[PDB]
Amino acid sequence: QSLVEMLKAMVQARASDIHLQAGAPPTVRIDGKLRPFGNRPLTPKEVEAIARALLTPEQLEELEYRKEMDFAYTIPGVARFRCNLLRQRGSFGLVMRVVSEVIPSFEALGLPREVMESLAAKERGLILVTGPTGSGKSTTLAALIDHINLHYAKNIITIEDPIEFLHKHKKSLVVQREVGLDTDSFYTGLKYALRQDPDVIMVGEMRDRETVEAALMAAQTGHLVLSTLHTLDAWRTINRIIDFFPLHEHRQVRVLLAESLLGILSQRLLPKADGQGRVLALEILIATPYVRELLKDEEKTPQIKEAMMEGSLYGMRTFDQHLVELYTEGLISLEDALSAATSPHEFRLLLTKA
């Protein structure tokens, strides 16, 4: 209706998320931030009408039996949505997520092309993209899978919760399995993927020791494995993986981690200085032979910092290094650069040398 038109306008405004809640106006999430999309508060009556307009008649009946409902909805040639209908304070609520089929380029994402293609070219090993919710981890992964799909003839199996990007077949097969629908869990998906003749396995996130170990093993075996963790940088990411295990297993885990790791890409999305959205702060650890030593040996592991700062031949760099580069280039403010810095001290030192 007008609904379809509003949704379409919202999507064209680059809304990642649409919130329809009684007492507020239609609200969109754009570039990570919620913004109102209209000046009039939705009434309970209006939210319900929107809901009934989106559901199939069968869905409408099962709706009277559920506190919550998760469902797909498509506006042909506009967008695909996953939708969560809820109840709050006697009233229906609606949260719609756009499933995009449009994959940004490395350059669009601020991801160094040469590094990316190098990691994509490996046919064995673990690539970890880390950071908290909203860091662009899904997106880096989607760009990385897309690159593989269009230059390599491979079987790519992804296990996702939920599917954020839809890939079409190009040069590769891309098998995408949604947790809760296609497969029960990351573990279930990872496990049976081992049986489905994959070249590339993407595990959306690792929450178990079981899943972390399985993913490492899969990488050790000879598959290319992509995954994410919530951790802020390489140092924390490495330690977090090990801390998943009982203490008596830890040097086994280092051995396992050191030999199968390829790279860690830790990400933070900072507000752009001009204010035209956001920009990626990115730390790269590449698992060179020397870096593997550092990993395998607990005493030499913090020497990962120095390795990154001098590793630009590979091309590594720390957060504090990339931030300097972003600040001097006028892509972020000094305030934002300093609040983001791993150590706001080592930043100004490093900065003064430019």
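Throughout, we count residues from 1 along the sequence that is shown.
Student: In the PDB record, does 173-181 or 203-211 carry the higher mean Cα temperature factor?
Tutor: Per the deposited B-factors, the answer is 203-211.
Student: Looking at the entry, does 251-259 or 212-220 show the higher mean C-alpha B-factor?
Tutor: It is 251-259 that shows the higher mean C-alpha B-factor.
Student: For the C-alpha B-factor as written in the entry, point me to the maximum among 76, 125, 134, 162.
Tutor: Of the candidates given, the C-alpha B-factor peaks at 76.
Student: Going by what the PDB entry lists, where does residue 66 fall on CA B-factor within its chain: lowest, middle or highest third?
Tutor: Top third by C-alpha B-factor.
Student: Quick check on the deposited entry: does the C-alpha B-factor of residue 11 sit in the lowest, middle or highest third of its chain?
Tutor: For residue 11, the deposited C-alpha B-factor lands in the middle third.
Student: Test of reading the entry: by CA B factor among the chain's modelled residues, which third contains residue 18?
Tutor: According to the entry, residue 18 has a C-alpha B-factor in the chain's lowest third.
Student: Comparing against every modelled residue in the chain, figure out the third that the C-alpha B-factor of residue 189 lands in (lowest, middle or highest).
Tutor: Tercile = lowest for this residue's CA B-factor.
Student: Going by the recorded CA B-factors, say which third of the chain residue 289 sits in, lowest, middle or highest.
Tutor: Middle third - that is where residue 289 ends up once the chain's C-alpha B-factors are sorted.
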